[PDB]
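What follows is the content of target.json (JSON, C-alpha atoms).
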[["chain", "number", "residue", "atom", "x", "y", "z"],
["A", 1, "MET", "CA", 119.34, 123.49, 99.96],
["A", 2, "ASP", "CA", 120.04, 121.77, 103.27],
["A", 3, "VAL", "CA", 118.08, 118.74, 102.05],
["A", 4, "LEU", "CA", 120.55, 118.46, 99.17],
["A", 5, "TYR", "CA", 123.47, 118.49, 101.62],
["A", 6, "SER", "CA", 121.80, 115.82, 103.74],
["A", 7, "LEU", "CA", 121.38, 113.66, 100.64],
["A", 8, "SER", "CA", 125.02, 114.28, 99.69],
["A", 9, "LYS", "CA", 126.32, 113.31, 103.13],
["A", 10, "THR", "CA", 124.18, 110.17, 103.20],
["A", 11, "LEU", "CA", 125.35, 109.23, 99.70],
["A", 12, "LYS", "CA", 128.99, 109.71, 100.70],
["A", 13, "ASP", "CA", 128.49, 107.60, 103.83],
["A", 14, "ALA", "CA", 126.85, 104.81, 101.83],
["A", 15, "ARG", "CA", 129.55, 104.97, 99.15],
["A", 16, "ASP", "CA", 132.35, 104.81, 101.73],
["A", 17, "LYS", "CA", 131.43, 102.78, 104.81],
["A", 18, "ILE", "CA", 129.62, 99.94, 103.01],
["A", 19, "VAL", "CA", 132.57, 97.57, 102.49],
["A", 20, "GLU", "CA", 132.87, 93.80, 102.75],
["A", 21, "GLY", "CA", 133.58, 92.31, 106.16],
["A", 22, "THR", "CA", 132.43, 95.11, 108.46],
["A", 23, "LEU", "CA", 130.03, 94.37, 111.30],
["A", 24, "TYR", "CA", 126.42, 95.16, 110.47],
["A", 25, "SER", "CA", 125.99, 96.79, 113.89],
["A", 26, "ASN", "CA", 128.26, 99.64, 112.77],
["A", 27, "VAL", "CA", 125.96, 100.78, 109.93],
["A", 28, "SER", "CA", 122.54, 100.01, 111.41],
["A", 29, "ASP", "CA", 121.76, 103.71, 111.76],
["A", 30, "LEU", "CA", 123.25, 104.32, 108.31],
["A", 31, "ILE", "CA", 121.25, 101.52, 106.70],
["A", 32, "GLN", "CA", 118.04, 102.69, 108.38],
["A", 33, "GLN", "CA", 118.65, 106.26, 107.19],
["A", 34, "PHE", "CA", 119.41, 105.01, 103.68],
["A", 35, "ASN", "CA", 116.20, 102.97, 103.63],
["A", 36, "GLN", "CA", 114.22, 106.00, 104.82],
["A", 37, "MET", "CA", 115.80, 108.13, 102.08],
["A", 38, "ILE", "CA", 114.93, 105.54, 99.43],
["A", 39, "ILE", "CA", 111.34, 105.40, 100.68],
["A", 40, "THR", "CA", 111.00, 109.19, 100.67],
["A", 41, "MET", "CA", 112.55, 109.71, 97.23],
["A", 42, "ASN", "CA", 110.75, 106.80, 95.53],
["A", 43, "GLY", "CA", 107.70, 107.36, 93.36],
["A", 44, "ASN", "CA", 108.50, 110.89, 92.16],
["A", 45, "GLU", "CA", 109.50, 112.42, 88.83],
["A", 46, "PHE", "CA", 112.19, 115.05, 88.34],
["A", 47, "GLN", "CA", 113.41, 116.92, 85.27],
["A", 48, "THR", "CA", 116.66, 118.73, 84.56],
["A", 49, "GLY", "CA", 118.21, 120.87, 81.85],
["A", 50, "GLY", "CA", 116.55, 123.00, 79.21],
["A", 51, "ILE", "CA", 118.47, 126.29, 79.25],
["A", 52, "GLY", "CA", 121.75, 126.91, 77.46],
["A", 53, "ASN", "CA", 123.33, 123.63, 76.35],
["A", 54, "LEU", "CA", 122.69, 121.38, 79.36],
["A", 55, "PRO", "CA", 121.49, 117.95, 78.15],
["A", 56, "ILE", "CA", 117.90, 117.51, 79.29],
["A", 57, "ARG", "CA", 117.49, 114.31, 81.31],
["A", 58, "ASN", "CA", 114.52, 112.61, 82.96],
["A", 59, "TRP", "CA", 114.70, 110.59, 86.18],
["A", 60, "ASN", "CA", 112.11, 108.16, 87.55],
["A", 61, "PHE", "CA", 112.68, 106.69, 91.02],
["A", 62, "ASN", "CA", 111.53, 103.07, 91.12],
["A", 63, "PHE", "CA", 113.86, 101.19, 93.46],
["A", 64, "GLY", "CA", 113.85, 98.44, 96.05],
["A", 65, "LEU", "CA", 114.93, 98.41, 99.68],
["A", 66, "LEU", "CA", 118.18, 97.14, 101.18],
["A", 67, "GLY", "CA", 117.91, 94.18, 103.51],
["A", 68, "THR", "CA", 118.37, 94.55, 107.27],
["A", 69, "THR", "CA", 119.06, 90.89, 108.08],
["A", 70, "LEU", "CA", 122.61, 89.80, 107.21],
["A", 71, "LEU", "CA", 124.90, 89.46, 110.22],
["A", 72, "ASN", "CA", 127.97, 90.30, 108.12],
["A", 73, "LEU", "CA", 127.72, 92.18, 104.83],
["A", 74, "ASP", "CA", 128.53, 90.30, 101.62],
["A", 75, "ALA", "CA", 129.45, 91.11, 98.03],
["A", 76, "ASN", "CA", 125.97, 91.18, 96.47],
["A", 77, "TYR", "CA", 124.91, 93.62, 99.18],
["A", 78, "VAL", "CA", 127.72, 95.94, 98.09],
["A", 79, "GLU", "CA", 126.91, 95.57, 94.39],
["A", 80, "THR", "CA", 123.23, 96.43, 94.92],
["A", 81, "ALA", "CA", 124.17, 99.35, 97.17],
["A", 82, "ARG", "CA", 126.50, 100.73, 94.49],
["A", 83, "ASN", "CA", 123.83, 100.13, 91.83],
["A", 84, "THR", "CA", 121.54, 102.48, 93.74],
["A", 85, "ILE", "CA", 124.40, 104.84, 94.65],
["A", 86, "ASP", "CA", 125.50, 105.50, 91.06],
["A", 87, "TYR", "CA", 122.03, 106.67, 90.02],
["A", 88, "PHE", "CA", 121.58, 108.74, 93.17],
["A", 89, "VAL", "CA", 124.93, 110.50, 92.77],
["A", 90, "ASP", "CA", 124.33, 111.12, 89.06],
["A", 91, "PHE", "CA", 121.03, 112.76, 89.99],
["A", 92, "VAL", "CA", 122.72, 114.85, 92.70],
["A", 93, "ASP", "CA", 125.50, 116.05, 90.40],
["A", 94, "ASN", "CA", 123.07, 116.91, 87.60],
["A", 95, "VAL", "CA", 120.85, 118.81, 90.05],
["A", 96, "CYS", "CA", 123.86, 120.81, 91.21],
["A", 97, "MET", "CA", 125.02, 121.57, 87.67],
["A", 98, "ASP", "CA", 121.49, 122.69, 86.75],
["A", 99, "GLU", "CA", 121.25, 124.90, 89.83],
["A", 100, "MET", "CA", 124.59, 126.58, 89.11],
["A", 101, "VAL", "CA", 123.52, 127.71, 85.62],
["A", 102, "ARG", "CA", 120.50, 129.81, 86.64],
["A", 103, "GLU", "CA", 120.37, 133.06, 88.59],
["A", 104, "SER", "CA", 117.78, 135.55, 89.82],
["A", 105, "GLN", "CA", 118.50, 139.24, 90.36],
["A", 106, "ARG", "CA", 116.13, 139.31, 93.36],
["A", 107, "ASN", "CA", 115.62, 136.79, 96.16],
["A", 108, "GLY", "CA", 118.78, 134.77, 95.65],
["A", 109, "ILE", "CA", 118.32, 132.86, 98.91],
["A", 110, "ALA", "CA", 115.52, 130.82, 97.32],
["A", 111, "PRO", "CA", 115.78, 127.86, 94.93],
["A", 112, "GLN", "CA", 115.92, 128.61, 91.21],
["A", 113, "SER", "CA", 116.07, 125.28, 89.38],
["A", 114, "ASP", "CA", 113.04, 123.01, 89.38],
["A", 115, "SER", "CA", 114.76, 120.28, 91.41],
["A", 116, "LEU", "CA", 115.54, 122.46, 94.43],
["A", 117, "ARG", "CA", 112.11, 124.08, 94.07],
["A", 118, "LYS", "CA", 110.47, 120.67, 94.43],
["A", 119, "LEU", "CA", 112.80, 119.72, 97.29],
["A", 120, "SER", "CA", 111.69, 122.81, 99.25],
["A", 121, "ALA", "CA", 108.36, 121.12, 100.05],
["A", 122, "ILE", "CA", 107.75, 119.90, 103.59],
["A", 123, "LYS", "CA", 107.30, 116.33, 102.34],
["A", 124, "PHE", "CA", 111.00, 115.98, 101.46],
["A", 125, "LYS", "CA", 112.14, 117.42, 104.81],
["A", 126, "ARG", "CA", 112.40, 113.87, 106.21],
["A", 127, "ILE", "CA", 116.11, 113.56, 105.32],
["A", 128, "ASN", "CA", 118.27, 115.85, 107.49],
["A", 129, "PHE", "CA", 121.25, 113.59, 108.24],
["A", 130, "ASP", "CA", 123.46, 116.37, 109.64],
["A", 131, "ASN", "CA", 124.92, 119.82, 108.96],
["A", 132, "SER", "CA", 128.54, 119.21, 109.96],
["A", 133, "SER", "CA", 129.99, 121.00, 106.93],
["B", 1, "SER", "CA", 70.73, 109.79, 159.23],
["B", 2, "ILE", "CA", 72.92, 112.01, 157.07],
["B", 3, "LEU", "CA", 75.32, 112.34, 160.01],
["B", 4, "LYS", "CA", 76.83, 108.94, 159.18],
["B", 5, "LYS", "CA", 77.03, 109.85, 155.49],
["B", 6, "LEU", "CA", 78.94, 113.08, 156.19],
["B", 7, "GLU", "CA", 81.07, 111.61, 159.01],
["B", 8, "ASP", "CA", 82.14, 108.38, 157.24],
["B", 9, "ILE", "CA", 84.59, 110.18, 154.93],
["B", 10, "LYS", "CA", 88.17, 108.87, 155.10],
["B", 11, "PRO", "CA", 91.12, 110.61, 153.41],
["B", 12, "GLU", "CA", 91.48, 109.71, 149.75],
["B", 13, "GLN", "CA", 93.63, 106.59, 149.47],
["B", 14, "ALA", "CA", 97.17, 107.02, 148.15],
["B", 15, "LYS", "CA", 97.74, 104.13, 145.77],
["B", 16, "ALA", "CA", 100.93, 102.10, 146.19],
["B", 17, "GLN", "CA", 102.14, 101.14, 142.71],
["B", 18, "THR", "CA", 102.93, 97.43, 142.90],
["B", 19, "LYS", "CA", 104.49, 97.40, 139.42],
["B", 20, "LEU", "CA", 105.44, 99.97, 136.81],
["B", 21, "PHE", "CA", 102.60, 100.84, 134.44],
["B", 22, "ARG", "CA", 103.41, 98.83, 131.31],
["B", 23, "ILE", "CA", 102.12, 99.20, 127.75],
["B", 24, "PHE", "CA", 105.08, 97.67, 125.92],
["B", 25, "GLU", "CA", 106.77, 94.32, 126.46],
["B", 26, "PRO", "CA", 109.48, 92.47, 124.51],
["B", 27, "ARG", "CA", 108.53, 89.64, 122.17],
["B", 28, "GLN", "CA", 110.79, 87.28, 120.22],
["B", 29, "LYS", "CA", 110.01, 87.09, 116.50],
["B", 30, "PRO", "CA", 111.58, 85.33, 113.51],
["B", 31, "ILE", "CA", 113.30, 87.23, 110.71],
["B", 32, "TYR", "CA", 113.98, 86.69, 107.01],
["B", 33, "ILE", "CA", 116.73, 87.70, 104.60],
["B", 34, "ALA", "CA", 115.95, 90.05, 101.72],
["B", 35, "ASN", "CA", 115.57, 86.98, 99.49],
["B", 36, "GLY", "CA", 112.93, 85.49, 101.78],
["B", 37, "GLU", "CA", 114.38, 82.61, 103.79],
["B", 38, "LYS", "CA", 114.65, 81.88, 107.51],
["B", 39, "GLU", "CA", 117.79, 83.08, 109.27],
["B", 40, "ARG", "CA", 117.76, 80.39, 112.01],
["B", 41, "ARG", "CA", 118.27, 83.04, 114.70],
["B", 42, "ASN", "CA", 115.38, 85.00, 116.18],
["B", 43, "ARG", "CA", 115.31, 88.64, 117.27]]

Encoding of this model in structure tokens:
Amino acid sequence: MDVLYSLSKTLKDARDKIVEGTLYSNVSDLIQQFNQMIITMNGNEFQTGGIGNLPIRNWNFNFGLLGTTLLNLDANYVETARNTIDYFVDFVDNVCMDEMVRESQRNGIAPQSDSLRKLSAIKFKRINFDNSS
Amino acid sequence: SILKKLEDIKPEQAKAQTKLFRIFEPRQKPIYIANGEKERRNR
């Protein structure tokens, strides 16, 4: 659950603060965290949908890594960042919509959909950006 | 005989650290862009 919020906050930060012209020193922590998140989430398979009328979709995470060299960010940097961001946010939204449509009469504090069940493992506990919300 | 051996004990020496114990030191290295070319400014 909290891992999902950390991913959401990181995705929002990457979607917002990565704009042309800003100093790279202002997003060094953000870019490092984003790279760590990409490394952690890469090379895994996730499935969604299957109950009711939710369209079943399959996600495979094969992605590159953002560079940590440019003194000032440029346009292609932004386009690649958004290319990754769109897929990540689509996955997040679909995971949320799949979680909302399943319930358990007992032990409601625990994950119910397969995505949050997989994310409960200790391996994915490497992304804990914050809990400000 | 053994009198010298048991009487020639001086208090254990307190070392005076001449420099801080170092394991890590800075080094200047070149960098590359994500495409793979020199940046002409080392870090």

Practice prompt. Hey, list the chain A side of the contact with chain B: 10 Å cut-off, only C-alpha atoms, answer as number ranges by chain.
Written response: A: 65-71, 77

Could you work out an axis-aligned bounding box for all listed atoms of segment 69-84 of chain A, with 3 Å added on each of the six sides, and give its centre and edge lengths in Å to one decimal, as JSON?
{"center_x": 124.3, "center_y": 96.0, "center_z": 101.0, "size_x": 16.4, "size_y": 19.0, "size_z": 24.4}

Worksheet item: Just how far from atom CA of residue 127 of chain A is atom CA of residue 6 of chain A, in Å to one decimal?
Response: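 We find that atom CA of residue 6 of chain A and atom CA of residue 127 of chain A lie 6.3 Å from each other.
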
Item to complete: May I ask which of the residues A:50, A:55, A:63, A:1 is the closest one to residue 102 of chain A, counting all atoms listed in the file?
Response: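 Ranking A:50, A:55, A:63, A:1 by distance to residue 102 of chain A, first place goes to A:50.
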
Discussion item. For a test of reading the model, state the distance in Å between atom CA of residue 21 of chain A and atom CA of residue 75 of chain A, rounded to one decimal.
Written reply: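 Computing it gives 9.2 Å between the two atoms.
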
Discussion item. One number please: atom CA of residue 40 of chain B to atom CA of residue 17 of chain A, in Å, one decimal.
Written reply: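 Answer for the atom CA of residue 40 of chain B to atom CA of residue 17 of chain A separation: 27.2 Å.
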
Practice prompt. Using all atoms listed in the file, find the one residue out of A:29, A:86, A:13, A:114 that sits nearest to residue 99 of chain A.
Written response: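 Ranking A:29, A:86, A:13, A:114 by distance to residue 99 of chain A, first place goes to A:114.
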
Discussion item. Need to verify the contact set: residue 57 of chain A, 8 Å, all atoms listed in the file, exclusion of same-chain residues closer than 3 positions in sequence. Can you return it as a list in words?
Written reply: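 Everything that qualifies: residues 47, 48 and 49 of chain A.
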
Discussion item. So that I can see what lies close to segment 25-28 of chain B, please list as number ranges by chain the residues with an atom at most 12 Å from it, counting all atoms listed in the file and leaving out residues fewer than 3 positions away in the same chain.
Written reply: B: 20-22, 31, 41-43

Fill in: Non-local contacts of residue 2 of chain A (9 Å; all atoms listed in the file; under 5 positions in same chain excluded) as a PyMOL selection string
chain A and resi 7+128+131

Worksheet entry | Contacts of residue 45 of chain A at 8 Å (all atoms listed in the file; same-chain gap of 4+ positions) as a PyMOL selection string | chain A and resi 58-61
